[PDB]
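Residue numbers (the entry's author numbering), protein chains in the order written: chain C, 0 to 312; chain D, 0 to 306; chain B, 1 to 306; chain A, -3 to 313; chain F, -1 to 303; chain E, -2 to 311.
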Amino acid sequence: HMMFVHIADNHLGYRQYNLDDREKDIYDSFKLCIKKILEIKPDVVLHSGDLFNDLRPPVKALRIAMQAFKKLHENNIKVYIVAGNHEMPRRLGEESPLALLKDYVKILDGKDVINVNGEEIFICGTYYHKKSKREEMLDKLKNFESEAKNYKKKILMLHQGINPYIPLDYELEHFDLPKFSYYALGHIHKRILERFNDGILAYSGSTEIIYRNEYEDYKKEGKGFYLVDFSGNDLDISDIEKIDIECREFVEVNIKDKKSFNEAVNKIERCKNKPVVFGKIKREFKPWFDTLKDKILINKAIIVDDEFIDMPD
Amino acid sequence: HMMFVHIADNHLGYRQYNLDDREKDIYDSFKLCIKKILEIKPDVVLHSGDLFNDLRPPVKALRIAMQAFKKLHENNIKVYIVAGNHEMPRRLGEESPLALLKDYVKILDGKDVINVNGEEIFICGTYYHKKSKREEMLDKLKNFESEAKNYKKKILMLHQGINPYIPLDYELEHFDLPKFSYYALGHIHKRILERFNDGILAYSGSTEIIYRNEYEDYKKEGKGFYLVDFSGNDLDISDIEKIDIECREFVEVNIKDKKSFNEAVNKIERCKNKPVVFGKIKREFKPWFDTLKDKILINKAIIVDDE
Amino acid sequence: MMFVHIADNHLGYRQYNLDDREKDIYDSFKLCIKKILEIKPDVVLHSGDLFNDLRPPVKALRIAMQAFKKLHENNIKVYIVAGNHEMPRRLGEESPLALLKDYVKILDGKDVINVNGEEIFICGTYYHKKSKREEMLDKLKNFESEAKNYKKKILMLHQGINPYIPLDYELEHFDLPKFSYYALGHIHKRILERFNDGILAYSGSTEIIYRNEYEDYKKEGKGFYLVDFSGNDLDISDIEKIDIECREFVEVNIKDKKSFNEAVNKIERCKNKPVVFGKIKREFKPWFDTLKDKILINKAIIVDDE
Amino acid sequence: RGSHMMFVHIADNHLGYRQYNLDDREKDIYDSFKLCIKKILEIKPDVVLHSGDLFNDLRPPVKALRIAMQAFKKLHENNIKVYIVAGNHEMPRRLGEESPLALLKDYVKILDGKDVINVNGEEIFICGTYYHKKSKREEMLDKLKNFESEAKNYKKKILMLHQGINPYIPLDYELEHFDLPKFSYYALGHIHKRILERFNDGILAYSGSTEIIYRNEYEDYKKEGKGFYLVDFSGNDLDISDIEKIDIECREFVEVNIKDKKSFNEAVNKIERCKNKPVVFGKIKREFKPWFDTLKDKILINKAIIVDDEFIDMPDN
Amino acid sequence: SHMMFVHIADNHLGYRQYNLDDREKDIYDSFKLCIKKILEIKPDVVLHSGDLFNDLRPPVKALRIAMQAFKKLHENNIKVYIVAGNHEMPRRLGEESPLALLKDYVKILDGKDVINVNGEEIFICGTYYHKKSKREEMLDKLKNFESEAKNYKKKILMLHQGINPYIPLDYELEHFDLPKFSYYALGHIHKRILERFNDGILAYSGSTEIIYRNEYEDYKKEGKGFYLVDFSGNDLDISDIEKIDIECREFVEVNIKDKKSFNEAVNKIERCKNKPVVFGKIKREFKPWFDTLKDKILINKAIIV
Amino acid sequence: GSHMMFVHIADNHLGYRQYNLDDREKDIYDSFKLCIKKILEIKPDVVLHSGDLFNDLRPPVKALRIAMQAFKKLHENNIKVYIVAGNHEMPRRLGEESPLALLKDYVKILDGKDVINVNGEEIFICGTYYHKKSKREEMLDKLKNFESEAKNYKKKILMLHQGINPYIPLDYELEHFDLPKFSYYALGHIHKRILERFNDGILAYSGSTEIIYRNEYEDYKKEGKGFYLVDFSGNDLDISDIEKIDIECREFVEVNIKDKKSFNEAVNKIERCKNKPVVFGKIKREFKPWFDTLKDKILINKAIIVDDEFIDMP
DNA sequence: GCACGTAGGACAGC
DNA sequence: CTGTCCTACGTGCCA
Ligand SMILES: [Mg+2]
Ligand SMILES: [Mg+2]
Ligand SMILES: [Mg+2]
Ligand SMILES: [Mg+2]
Ligand SMILES: [Mg+2]
Ligand SMILES: [Mg+2]
Ligand SMILES: [Mg+2]
Ligand SMILES: [Mg+2]
Ligand SMILES: [Mg+2]
Ligand SMILES: [Mg+2]
Ligand SMILES: [Mg+2]
Ligand SMILES: [Mg+2]
């Protein structure tokens, strides 16, 4: 009877390694999500910020974003967004690139109660605030709890890092946020879904490998977005699907012998799309690995001249 | 039966001296033109490029731009634009911010025939080319006249510099461009209107003082846009009205004595808008002039420790 | 006090011209070193044949230098004697042992090492040929002279001694003076036993160099010795032998179904992909070729006879 | 001369090469190298570019390794940074095999990419790569363009390579001259003759071999002399005028053509005149052979052909 | 003793710094001062390593002084050798060096010559200043000298160049360029340099006056003048080399930043025995005060701030 | 005989480099060295040099070499030499020295009197350097003092380097009536040969030893360049006792090529030359490339090209 | 299908 | 008894 999508951190227009192919990769994976959300046709899409990677994004990025969210709004899919760190103006009077989506998307900086078929469900959220302004936020957060006291299904949207989920730094502590049915969170690029307070907290995670860390969460959790159903009166992890998205493959290598060289080539041959390779290659195997340049997107491996006597337990 | 607007070089989002106020100024003068164009309700608006000052212009610039061209298209005014030096991509696959206006505007890189009341009229244009590709351009230009041979009222749109009107550099020589009724030109920020070939050539000029030099052309010719009627079969200067737009005034000073100082105070009081001051002021007169810093936009004046 | 006696690694030896085999040698060597590093003895005595050639592969050299650096950085003093393989042949030719000069003391005489907290006398010399036995005897007698007033004395040599190796040998058992411990090398089988009121040892090679060494690996095991020499006297009881896993070799004689099953059983029972050698009847050839994925190399002779 | 910047371009020492199976010749190669090294230490440049073939073999004799390691240590200890590219001789063949260049890892930077060196007080871009074959020229072009890309916004750019370039060596060659982008200096090796000349908007150089490795190198030894280059690169532009060529004393070779008393006496004169027992080669008439056999003590090795022919050849003037 | 000889260079006759009569006179006077001491010494040979004149066409007075000097030196049956410096070297073909005017008193060196002194026989070779560009030629030139000196025991080389260790930028030759000679009579380097080199001893006589603003302190540390080697015995070393220094114009450096540094200025300036040249930096506030004593000073061309 | 003879030479302008040509600078040298040679062939008793030996105050070194080479050779043959400083050789700045100074050991620079005793007579010489017109006053006083000391002398010679009013219209430093009665007037500042009786005696300008300005050529053809050879054997001297030594020097041909004739006259005149001539004058544009055929035959072409079509028909 | 080096076996010793 | 032959085969270039 009801379903909604939690996505965030697309970082539209990010250009890793200054590679054209990569800027494309970000766009494509985004469009892939949009296609899937259009295939799913949920009632709501919660977007937890960092739609754009920059404050003044390339025209292609804006074209795609506007193109996409128009297509969603035309399919009677309601979309809520909170501005991420990257989308927050710095000069006075400066506008967010999110402003271009004003006609297809609701930018959240307060409460809103949305009536779906056939239920009535409460949403509140706010833009990215700094660690500096945490005090400011607490009042805002408490005012949200206040107006949500009498609501059964209440969703909170935020673009911050919460203390256990992100070492240093973080803007909020986990005991800072009130009881909500679902926590649509965004600033953290790894996939996080788990019970919290008396409900369920979530980071949708980035939709492509944006920064240097995300390599293992790609294999371990996969990148994409969440699809919460919220059909019944209760919600648990059991009613939350993770939609995965194919994106640029990264293979990590540690070529030190004939075996590790072949394991590398196997991993590379097995890739559907020309991978980004990283890790370490011993000097002695370097020119031999250079034979795979046709089969590889870019080689970001450190070359090691050192002769190690490393032996296993 | 027909009238149309030639505007160009608004340079949206240019932020002169890194000043907030200057970026506003540019917005303001643009939005004024749009209001005045709406008060006029012409049939066509020809925009000869450099609409945005940047390739990835600020968000406010894009919102202003889209709202403006929406407001024009919803009033059934057809708009043509050609991309200027500033709106042209560098990388392959980089897109022009003009593309964000695709829904209200025809971006020209070829011909198009527009049917007015009750006439049929030929328009063609192309984006900004470099001097380097002049040969390429000649081919393009010759093909336009060919496709226009049997047309009586023909308008050509370009965003280039033409050799007599701008010594160095320029991309085309004036004898490069074929016979057309009207030349909708851009890239030269001063107002230029004069007869040419067997028709009438125009540079609409910038809609605000972009560089410090264009200041006197504001004083001397005035900045804004053109309103050509093109009602009869022939068109002449008599049928071209120039719409002016008030914009930020600049004051030049050379204060070494009481005379030039008093002239300075006079001109500053004489200004309608808090002026941008530049020129020379003697070191000794420095603390005396700082009394008007609240009464002035910005002080970009040179200090002279001698004369 | 404690010390390690190792020898005959034959670094860079490439048996059957096999990549995997040259590796095997490196690997077992690096492993002894790791094991030596986990133990952290005071001294490491190396009785020669570290390298298999005078101009060993770059990797072998690279590995060796790293190894002894790591040992020297852990304040373990290392003595080595030049083996037959490490001895220059044309005049002016240099030994690959020279590349280790900064981590290792190459022995051609005496040296007294002060440990915590004992004082102990070491002597040794490079590999001499049979030809120079006369020469060597004097050298040994010169050692005995300088060691008379010393309590704990070790002799390092890389030779074959007459009883321990039928043919050939450079010294007779009665050629060598009385020492506490005879740190010897050049015989690839493990030899440890009391001798001349002391204890004589060949550490044995650290990998299967010749196909002959095949059974002594299973029967005695390859690696090195760990002598402590803590007390005033030392006996076999205070010598630990560290074993090393290495390449297994299977012998075959396939002429019927029995010997075939003995072979496949022996091969599957192997921990590391085996080297097979021996005799196989021609009629069994394509049938045996089914196991190449489970085998390193097949050096068996094919027999067209009845 | 100075400077804010200076560097030495050396290559092709072929350490451990043993020509004619002569101990003496093997020594010669060693000696001349050491002499280059000594001269560099007296010069004290900021950088030393070595364009490969330091060693003649993949598994070089121990003496060569010690001499080599000693040399680059002594250079590194005097804070001269050394960049090297792998020559044909130093490229591993079996998979996993190591280059003897690896033994210099701590004193030398092996180039297979870009690197920007900060000198006092200038900033200069260096790039290079190991030896590629003709077979992999395509592979190489992409890499070379990648250098051109990464050097455009750089002022001083040096390219290091160990290949033969098409005009400079008819057949064979791995690259064509139009393959390589504009660089300030082309630090090249693999052609054992001394080559220096302007090229593109810059200057291309072969340091040449530091001793007579193959039997061909004779005349360029006499005409150009073997050793290395010393470029200063102090100013923003560089021309030949700012490139000094350091010569090196090495084993003398005399070419002889003994056909009469004159040519015989001229042979003996050149040989007696030699500082070091020369390698004699060329032609000796049969009739003069046993007479020349008197000088075997005075000669390193005699590689001259004996000619039985009686020529009635006569010159005009 | 039985034998002695002199090494001098870089007088730069006719240099007129800041267009001052007194400066050009100073150079002259100091040159003539050097000449006086050479006459007091009475050596067997006099070696001059170039840059005697500052230009190829020097003023007539400079030409007069020089000729007069060497006339006075040649008349004592003292042999003199010279090699052409950078400044004395012709540009057009057919253009002559002013040294040519001294042919009657002097031997200009561009090759070998064996001189018999009392009572020994000694080998001299040298050549003029070559450019960096022509280093190759020079090496060949040098190689031919070594050849003709191999069988000679006492061999002296005369050159006017910068050698790589002794002068970073620029130099024409590297120190390993020059063969073993008994004495390296060098020029073009205005600072005093004397030290052993190869199997012998290399020397730069240094300028006889302060040409550039740099040379002020090197006059204090090494002293300016020329070298006097005897070479009577079989061996040569520093032990047999006396250096005659010559009194010349004092230079004062200033940095007036407070009353103290000003007082330090007055102390050093009043300390000048000879009408001083003042240079350096002066604070805006302190300009007029020395003008009370400006009559007591030669010229104030200190950096303008 | 005789008992006495001497040479009057002047204005060699040594180191002059006309048209910036190596050959011209050489020519000046060559003609000078030739004179010295002829003087040595002659072996006169005295040499009077009326100034302008050098062309500048700072002459090129080659010039100084050649000059000194010459006067030493003259002084060593026991020929005493007197010289006066020309316009060119007189210092301007205070303390500046004359290039004449470099010749002190072979030559006497005159700025006063000196009596030289010959075999077996006693004869008076006086002279002075070049003074400007402005300093004529000084000079007249100087001159009265010269006439005064020579009154009781029978053989008295005057050396000057000036232009005298009739012999040179404008400008001149002295009037002809400015100089006193002397046996011989050794004069120099005028490059043309002038010899004539004057004040019961004889005045002479030796003239330049080469064509310094483009004008002097026809004066060379008509009078010839070189020096004078005076004997002064009797108490009086007249033209009869003055031999004029001529010197071959660089020929200059003037052309005025306007027609076929004038062109042919040009080619003839050039071919007739012993030495590749300096050509000057006018050549019509139309004849330029036809005249370019003679480049091998010519030292330098300094003719104006006239494109103008003149109706010049007298 | 080729080439190349290493290994491995053997024969020559003044 | 070092030296060097010969043959055999692993491994990579390649077509
Ligand atoms: Mg983010
Ligand atoms: Mg974020
Ligand atoms: Mg423009
Ligand atoms: Mg514009
Ligand atoms: Mg062994
Ligand atoms: Mg052994
Ligand atoms: Mg090579
Ligand atoms: Mg080579
Ligand atoms: Mg000099
Ligand atoms: Mg000098
Ligand atoms: Mg005159
Ligand atoms: Mg004259």
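Here a beta-carbon is modelled for each residue, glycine too, at the ideal position from N, C-alpha and C.
Check whether chain A comes within 8 Å of residue i, counting only Cβ atoms and requiring the distance to be less than that.
i, result
"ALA98(B)", "yes"
"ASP19(C)", "no"
"residue 394(B)", "The shown model of chain B, from 1 to 306, leaves out residue 394(B), and the question about it has no answer."
"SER259(F)", "no"
"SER131(F)", "yes"
"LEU61(B)", "yes"
Give a yes or no on whether the minimum CB-CB distance between residue i and chain B is below 8 Å.
i, result
"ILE308(C)", "yes"
Counting only beta-carbon atoms, is residue i nearer than 8 Å to chain C?
i, result
"residue 355(A)", "Look at the range of chain A in this structure, -3 to 313, and you will see that residue 355(A) is not part of it."
"residue 310(D)", "Past the boundaries of the shown model lies residue 310(D); chain D is included only from 0 to 306, so the question cannot be answered."
"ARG211(D)", "no"
"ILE106(A)", "yes"
"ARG14(B)", "no"
"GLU170(A)", "no"
Flag residue i as yes if its beta-carbon sits less than 8 Å from any beta-carbon of chain F, otherwise no.
i, result
"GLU38(A)", "yes"
Establish whether the CB of residue i and some CB of chain D are separated by less than 8 Å.
i, result
"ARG55(C)", "yes"
Using a Cβ cut-off of 8 Å, which residues of the segment 83 to 95 of chain A contact any Cβ in chain B, in chain order?
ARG90, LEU91, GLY92, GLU93, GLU94 and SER95
Residues proximal to ligand 11 by C-beta, any heavy atom closer than 7 Å
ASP8(E), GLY48(E), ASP49(E), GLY83(E), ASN84(E), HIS85(E), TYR127(E), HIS158(E), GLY185(E) and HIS186(E)
In chain order, which alpha helix (DSSP H) runs of at least 4 residues are fully inside the segment -2 to 82 of chain E?
19 to 39 and 58 to 72
Can you give, in chain order, each stretch of the alpha helix (DSSP H) that sits fully within the segment 204 to 234 of chain D and has at least 4 residues?
214 to 219
Complete runs of the beta strand (DSSP E) confined to the segment 236 to 296 of chain A [at least 3 residues]:
239 to 243, 249 to 254 and 275 to 281
Ordered list of alpha helix (DSSP H) runs contained in the segment 169 to 200 of chain A, each at least 4 residues
none
Does the segment 213 to 223 of chain F come close enough to the segment 75 to 82 of chain F that 3 or more CB-CB pairs lie under 8 Å?
no
Indicate whether the contact test is met: 3 or more Cβ pairs, each with one atom in the segment 290 to 305 of chain A and one in the segment 29 to 38 of chain A, closer than 8 Å.
no
What runs of the alpha helix (DSSP H), each 4 residues or longer, lie entirely inside the segment 80 to 122 of chain E?
none
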